[PDB]
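Okay, so here's the structure we're looking at.
Because the Cβ atoms are built from the backbone with ideal geometry, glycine has one as well, and the counts that use them run over all protein chains shown. Please treat every number below as a calculation from the coordinates, not as lab data.
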Amino acid sequence: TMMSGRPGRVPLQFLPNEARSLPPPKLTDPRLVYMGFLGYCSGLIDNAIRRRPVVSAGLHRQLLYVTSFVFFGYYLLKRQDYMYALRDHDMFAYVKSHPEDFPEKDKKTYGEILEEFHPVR
Amino acid sequence: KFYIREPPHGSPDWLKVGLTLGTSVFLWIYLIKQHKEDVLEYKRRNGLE
Amino acid sequence: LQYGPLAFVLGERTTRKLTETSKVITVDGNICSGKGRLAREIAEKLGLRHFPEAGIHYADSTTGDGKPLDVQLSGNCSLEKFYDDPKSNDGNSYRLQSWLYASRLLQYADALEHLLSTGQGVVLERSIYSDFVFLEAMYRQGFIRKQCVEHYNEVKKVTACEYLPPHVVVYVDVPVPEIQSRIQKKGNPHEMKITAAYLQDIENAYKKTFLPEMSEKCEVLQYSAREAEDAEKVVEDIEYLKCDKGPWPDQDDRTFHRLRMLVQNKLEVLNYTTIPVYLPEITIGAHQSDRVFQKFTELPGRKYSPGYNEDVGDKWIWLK
Amino acid sequence: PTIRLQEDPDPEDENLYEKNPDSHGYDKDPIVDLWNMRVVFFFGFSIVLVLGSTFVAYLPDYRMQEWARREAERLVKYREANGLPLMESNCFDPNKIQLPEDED
Amino acid sequence: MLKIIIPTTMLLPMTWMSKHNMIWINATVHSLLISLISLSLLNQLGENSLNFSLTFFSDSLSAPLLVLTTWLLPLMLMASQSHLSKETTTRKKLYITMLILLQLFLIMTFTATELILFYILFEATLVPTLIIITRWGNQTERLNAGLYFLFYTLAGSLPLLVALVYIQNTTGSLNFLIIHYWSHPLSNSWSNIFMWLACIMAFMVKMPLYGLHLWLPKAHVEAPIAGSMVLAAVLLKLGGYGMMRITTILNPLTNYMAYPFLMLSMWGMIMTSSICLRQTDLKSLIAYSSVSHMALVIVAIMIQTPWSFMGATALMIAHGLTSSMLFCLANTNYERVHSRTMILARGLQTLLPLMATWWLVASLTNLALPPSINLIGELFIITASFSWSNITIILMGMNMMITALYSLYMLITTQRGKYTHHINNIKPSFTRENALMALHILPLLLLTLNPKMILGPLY
Amino acid sequence: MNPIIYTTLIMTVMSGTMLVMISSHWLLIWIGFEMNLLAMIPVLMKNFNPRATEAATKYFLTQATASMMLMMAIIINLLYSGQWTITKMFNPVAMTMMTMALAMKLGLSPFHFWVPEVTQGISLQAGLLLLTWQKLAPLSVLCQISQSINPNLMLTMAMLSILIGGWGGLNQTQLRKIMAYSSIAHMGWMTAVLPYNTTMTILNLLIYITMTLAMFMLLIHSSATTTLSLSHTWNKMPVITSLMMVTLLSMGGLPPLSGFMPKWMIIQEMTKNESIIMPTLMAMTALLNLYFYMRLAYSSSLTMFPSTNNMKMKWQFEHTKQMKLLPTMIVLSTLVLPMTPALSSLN
Amino acid sequence: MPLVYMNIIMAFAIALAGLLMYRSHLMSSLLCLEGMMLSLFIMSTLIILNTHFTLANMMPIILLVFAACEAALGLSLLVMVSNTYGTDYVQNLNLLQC
Ligand SMILES: CCCCCCCCCCCCCCCCCC(=O)OC[C@H](COP(=O)([O-])OCC(O)COP(=O)([O-])OC[C@@H](COC(=O)CCCCCCCCCCCCCCCCC)OC(=O)CCCCCCCCCCCCCCCCC)OC(=O)CCCCCCCCCCCCCCCCC
Ligand SMILES: CCCCCCCCCCCCCCCCC[C@@H](O)O[C@H](CO[C@H](O)CCCCCCCCCCCCCCC)COP(=O)(O)OCC[N+](C)(C)C
Ligand SMILES: CCCCCCCCCCCCCCCCC[C@@H](O)O[C@H](CO[C@H](O)CCCCCCCCCCCCCCC)COP(=O)(O)OCC[N+](C)(C)C
Ligand SMILES: CCCCCCCCCCCCCCCCC[C@@H](O)O[C@H](CO[C@H](O)CCCCCCCCCCCCCCC)COP(=O)(O)OCC[N+](C)(C)C
Ligand SMILES: CCCCCCCC/C=C\CCCCCCCC(=O)O[C@H](COC(=O)CCCCCCC/C=C/CCCCCCCC)COP(=O)(O)OCCN
Ligand SMILES: Nc1ncnc2c1ncn2[C@@H]1O[C@H](COP(=O)(O)OP(=O)(O)O)[C@@H](O)[C@H]1O
């Protein structure tokens, strides 16, 4: 576990204050739409298990399912984006801090790079 | 008809229906407000607008 | 609030509703006896609830509306065909016996649930503990094979061990020739085909195995044909008994809680009736099973849950 | 019972032509069967097949083959008139290729 | 290209929200409309593929397969609504749901630009086909058929996932454009040899190869008609499309490494063509014919020349159409007679003339009659193989002879002679079956009119 | 058993595992293990019968032996460094003791023998608890000391677990033993990737818990503990059979089903650092788990077994006590593959 | 290490083997568990005393407490097994197989 221990990391925050500098996901985000679809599927399965009209048994229950899934998905996406941004930030800081381990190599053109040719026959 | 009471009455249990609808509305408005606050904070921190 | 662990946690116990007049009462008599009127009169005098004898379509009267369903959808057996052709090759005899045992089990569960939830006693007309007499009668006459009685014994062993035997057992003793005379005088064309050996085997079974076994756990009040009409005398005999020998005075609140959680949830009651033992009399093929299930699902009020059937006039479905 | 199951008898085949001499073999109810035939024919033979084939036959030349022919005509004309070879063996300019200095 | 994917995901709830007696009509109409819409991808640039988005792209190789799948679904719906007449509404809707899900996964498979997404959809196509085969079959062997079909595919395709993740870890990407532009030769080492094997064997067993073909007869015989159609028309072409996509990374190892697979393909093509002659069943003969044709396609892909690639694409499309038509033709007789034996019902030309004509046309297109696209693909493959080696012409000619022999043998046994004298329930052909046959056969001739649409990207 | 006593025993079990998961002292971790075992023993014996008694006896003996080995490991590690904090655990002999003790507590092979028997001897509720909740604490301790742990020892036991789980599951007809062997096989996968990345271990744990919860809850809904008893529920609750078939496919590792995500991620993570042979073997072995899941699915929903006459009476009654979280567990068990990138929220 | 530490560790190993051998009875195995705990207690208290760690002097008491809990659990299970079978033999615990 590479990121479990990190400097200045509050244990059980789930959303550090540093994560507020990133753009929040849009409310029409496709992943949020998939979360809402998952909630709708769970509501339909709930209706089917209880032997109720699957499509239209309980509208309030299905609405609660969808809104709960969307509500959790928003914060899940926020945390996921924060972690990926944190990973990229640490990667760039490390590559800048150690230039000798990531040198800029020469830029040859294909006119002088010699590649062996394999005929197809 | 049904010989037994059918605990699900001829009218819904309005208490639970009210609770579920209120919970859904509260979650939706909280999500809207949270998104607005987050986007305002994002615009402020980077100084875009 | 529906009874459960939480209802037991705060408040509701069972022993605080028993008023010394629970007295699960069972009346056992030879075919075509006065046990029905005796049970009705006992229930009326003692103030208990009367449970008529569990027929083929007993479970039909407990679900939906009380109107019985078609014989194809419920039971798949008939008593008249058993009286007319007891040695049939379609296995109607043991199918009927097993279905009747299941119906009696369901009725006993209902009676126990009512007694535990309310406290008012019940008066059954025949229990699961006295159902094997007909089984032995069929087996001795050659109406059924031995594998059928083995399957019955397995089901009884796994089912009847969860409940409590009745407080007092009342037996109406009537001789075989009197039973035959009453059958002849009754009038139903099918019942005059009941042979004397069948009734004799039933009674031999009742005296030899049932009453001796019940005398170890309950109180047995045998009677006769002439003393079964003055129900006041039998009520007085019942209300002057010593109920101290059975397991009923040895029940704590936890045992009653478990029993009450088991008597409701009728699926848990009937679980072990459909054990995967493949007897030709009771096994039903996949195609016929599918056809009959599809037919049952198309009934007016059987498609959905008992509150979500717009067919029988249920409204406000989309908000339940 | 000298059997093993309470099994339904195997049903015999149901002929669609018995209760409907002009069946089309789609359904039992004549009206929905006729309409199923009509929609199948109209959307398979009329719409998709003929219109789709005439749409495919008239697709614009996005494969650049008439363009390739015109390019070839002009290049052949220019090259032959000048006395230059019709086609050149080296696909790329040798001046822009830096071969290894030596092979010993 | 969501304008094709989304209408299928709308076909799903529309099917589930239809009336009890209107499901077939709606499904057929809207699937035909979707196929008409998907017919718009045939406009392909000669330079490079059409890249709609970061995830989906269409090539000259993908478009004929997409059109074939979208055209296949309505025919499968038409063929399935005969033996399902006694089914309940819910199970009919479930069957249509399986067909729609299979089409959706197939459409997303042929256009995925990333190899892991392609693998995920390529394997997601396993669940609905398995459910169809093992739930709506007819005999007791459908369970073993499904087990074989699942495990032959999975035991060969699990190493492909390891190979792909290793490739992404090494090179850095799995996007097909980046893979093609940044491709580099593979050295001669044991590690690279096992890389070749891992990348190839999944598509090889999906073709199938001669030694790994045992699942195909079981699956194609024990499946229902729609399952057989979708297996023999498109689900087999997944392996060929996969090799044609994955081979770019493999060179120069493939020239050295293709000797056993080429030998197996040629000799097993001969062997399966010979097996078709002594077959007592009718669907097994078509299954083995499919095996022979797909072995020819394997040879074409393995020798890896532009003419071989064009021939492989043409043969794939032509075989899909022809095998689907043959399976439907056999299914009609099976529905009449309720048996799969070939010599049970004889002399059906005197009783069903139009079906005799359809049988003749299908058999003629099966044995590569000019100028049908079957012969175009077969001849291009034969020419490419002859350039590869002049001795292959012996095997190709022997295969052609045996193919003609068994095709005409099946046609003569089922259609000519005298009737069986004791089958009196052969009713006249319905309109549905004739329409299905015509919708199978007319596109073949329309395609041989304009063969450049199905010759692949090397054209 | 009284409901208050039952709920306080369950809370004591959860308190023990939380004490394990939140403690930095080795002694407090050992105390949490002891508390968990002590409060877990009666839960197995809630329904009294000889089989439950002997299942509890075997479970107690195995857990007590594992605790003894664990405390010996702690004492040796203290001996070679006066440190109590759960850390590297440098000492090789002490680390071997701890790894083997935690494997015995988890059920990893060759210590896998106890799991099938205890699962068969207890009810479905106790089996659910044992197979899902009783894996958190040993896995937490393993994750904390993962860097210290030797790869060869850990890998050998994971591969053995996968192999033996598949082979054992191939044979059983009882559903509880099938679930136990599947649990062993999944433990193998989870402990396989432990030395390389604990995030994949946590993700596989979450998905395995979700799938096992869904499967046990469906089994409780249709009160069947054998293959033949499950072959009847198509005639009473076809929706349950369909959902069970989909969940069984998901457990197998097929894609697009969610179950595939842990397997795919573990293979991908093990490939990043030159481990090629092992993922191939683990996949080809998980094919066996898929096979016996598929056999169960054939028996359950994809075919129709003959039924009995008394099922007509069950047709008239509804399931009274309804599980609230069953649909959500089913959905998370099947349709959550497209949300793979959200695993970064676990590290 | 001095000979005392090796003797205590050897005693622990002997007790562990004795537990794992399972001759006929169950009291014998419970005694083996108690012996393993006693060896752990002695080793721990020796190590703590030697390094003068004042605070951990209370830890062996907790060890003893949870040893008593384990012993009570084992005794209860043995009581129930003996009531079921009339004998505490381990051969009778074979109703469940693998
Ligand atoms: C990728 C793209 C998206 C794809 C994602 C996947 C699919 C979608 C998500 C899946 C979850 C959603 C639904 C699942 C729960 C439903 C439960 C159910 O059983 O359905 C029955 C129910 C019919 O019941 P009913 O109407 O109450 O009365 C009949 C009785 O129920 C009488 O019922 P019965 O019980 O008597 O019938 C018996 C039957 C009952 O058993 C069943 O019906 C099977 C239940 C399905 C299994 C659920 C699996 C859980 C989700 C996992 C999906 C896996 C996906 C991966 C691909 C692999 C597929 C396996 O059992 C059998 O027949 C046994 C046969 C064995 C076959 C084995 C196959 C089983 C697995 C198939 C799964 C296929 C995927 C789900 C597709 C949808 C199916 C409903 O179907 C419905 O009516 C609802 C279906 C969904 C409605 C969608 C409508 C959306 C909104 C409408 C408008 C659209 C937009 C408008 C706006 C336009 C702009 C203006
Ligand atoms: C497969 C489906 C699994 C779903 C799981 C249940 C979903 C509903 C449960 C509700 C979620 C709330 C739980 C936690 C919220 C608040 C607690 C918060 O503080 O926890 C912190 C952060 O929260 C958790 O760490 C992550 C919670 C996110 C769970 C989602 C992951 C699911 C896997 C991805 C597949 C897509 C699933 C889609 C869900 C619908 C802990 O940080 P930290 O103290 O530093 O961790 C130390 C231990 N580590 C580093 C080794 C891990
Ligand atoms: C029953 C009675 C039978 C006998 C009666 C017959 C009556 C007479 C009919 C016979 C006609 C003789 C044929 C003569 C040929 C004329 C038509 C031909 O010339 O058109 C071709 C055109 O052919 C079409 O391109 C065919 C396209 C293929 C149709 C695709 C199938 C439809 C989709 C359905 C699903 C298929 C799935 C398969 C997946 C690929 C030429 O193509 P091309 O010269 O270049 O382009 C010309 C236009 N340009 C120059 C401006 C570009
Ligand atoms: C039913 C059909 C299923 C599918 C069949 C797939 C066939 C796969 C077979 C793979 C073909 C070749 C594999 C290895 C390439 C060369 C093989 C060998 O003959 O070449 C010699 C190699 O010498 C020895 O023969 C090595 C191979 C001996 C050990 C391998 C076992 C072969 C026996 C057959 C096993 C069965 C295989 C199928 C399993 C079911 C040449 O020596 P050398 O040029 O210096 O080394 C070549 C390799 N280098 C260049 C990378 C270093
Ligand atoms: C219908 C059934 C079909 C079954 C087909 C299964 C066989 C598939 C072929 C082998 C699959 C596994 C190969 C591994 C996948 C690629 C991994 C890779 O490329 O890395 C190799 C690793 O290669 C291997 O490890 C291969 C080990 C193979 C172990 C399992 C063998 C399985 C059976 C072998 C024979 C199968 C081949 C022919 C079978 C024909 C069909 C019967 C290089 O290692 P590096 O870490 O990069 O280090 C090199 C630089 N120092
Ligand atoms: N287990 C059984 N097997 C067969 N028949 C039974 C069984 N139980 C009850 N019956 C039938 O129920 C009928 C009514 O019972 P009975 O008490 O004799 O008549 P009545 O209702 O007038 O009191 C009897 O004819 C008897 O055969």
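Assorted remarks:
- Note on D:50-62: average number of Cβ atoms from other chains within 10 Å of each residue's Cβ is 4.
- Rounded if a/c under 1.5, otherwise prolate or oblate - the stretch F:256-347, Cα gyration tensor axes: oblate
- Remark: the protein assembly as shown carries a charge dipole of roughly 1140 debye about the Cα centre, counting +1 on each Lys and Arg Cβ and -1 on each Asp and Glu Cβ.
- For the peptides G:53-65, C:204-216, E:153-165, A:29-41, residues were scored by their other Cβ atoms within 10 Å and the scores averaged per peptide; the highest-first order is E:153-165, A:29-41, C:204-216, G:53-65.
- Shape call, the stretch A:1-98: gyration tensor on alpha carbons, a/c limit 1.5: prolate
- Rounded to the nearest 10 degrees, the inclination of helix E:392-415 to the longest alpha-carbon principal axis of chain E is 20 degrees.
- Unit charges on C-beta of K, R, D, E only; dipole of the stretch A:1-98, Debye: 260 debye
- Within the straight-line cut-off of under 28 Å between alpha carbons, the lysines reachable from C:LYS193 are C:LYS35, C:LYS81, C:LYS87, C:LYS146, C:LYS185, C:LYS207, C:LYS208, sequence neighbours fewer than 8 places apart in one chain being disregarded.
- Projecting the Cα atoms of E:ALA345, E:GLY456, F:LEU170 onto the charge dipole of the protein assembly as shown (Cβ charges, centred on the Cα centre) puts E:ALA345 farthest toward the positive pole.
- In degrees, nearest ten, helix F:260-271 long axis to first principal axis of chain F (Cα): 30 degrees
- Links that overshoot a 25 Å alpha carbon limit, given the list C:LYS266/E:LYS19; C:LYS295/E:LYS19; F:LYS58/F:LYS236; E:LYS283/E:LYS418; A:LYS26/E:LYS93; C:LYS295/E:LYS92: C:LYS266/E:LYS19; F:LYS58/F:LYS236; A:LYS26/E:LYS93
- 0 to 90° range, to nearest 10: angle between helix E:353-366 axis and chain E longest Cα axis: 20 degrees
- Loop-located GluC sites (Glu not before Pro) across the stretch C:1-110 with a Cβ neighbour count of 11 or fewer within 10 Å are C:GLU20, with loop assigned by DSSP.
- Reachable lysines from A:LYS105, criterion Cα separation under 29 angstrom, eight or more residues apart if same chain: A:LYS96, D:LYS96, F:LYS272
- Three-way shape label, the protein assembly as shown, alpha-carbon gyration tensor, a/c 1.5: oblate
- A protection proxy built from the mean count of other Cβ atoms within 10 Å ranks the segments D:43-56, F:256-269, B:22-35, F:318-331, most packed first, as F:256-269, F:318-331, D:43-56, B:22-35.
- DSSP-defined antiparallel bridges as percent of all bridges, the protein assembly as shown, nearest 5: 40 percent
- When the helices of the protein assembly as shown are scored as -39500 (n - 2.57) per DSSP H run of n ≥ 4 and the total is divided over every residue, the value at 222 nm lands at -19500 deg cm²/dmol.
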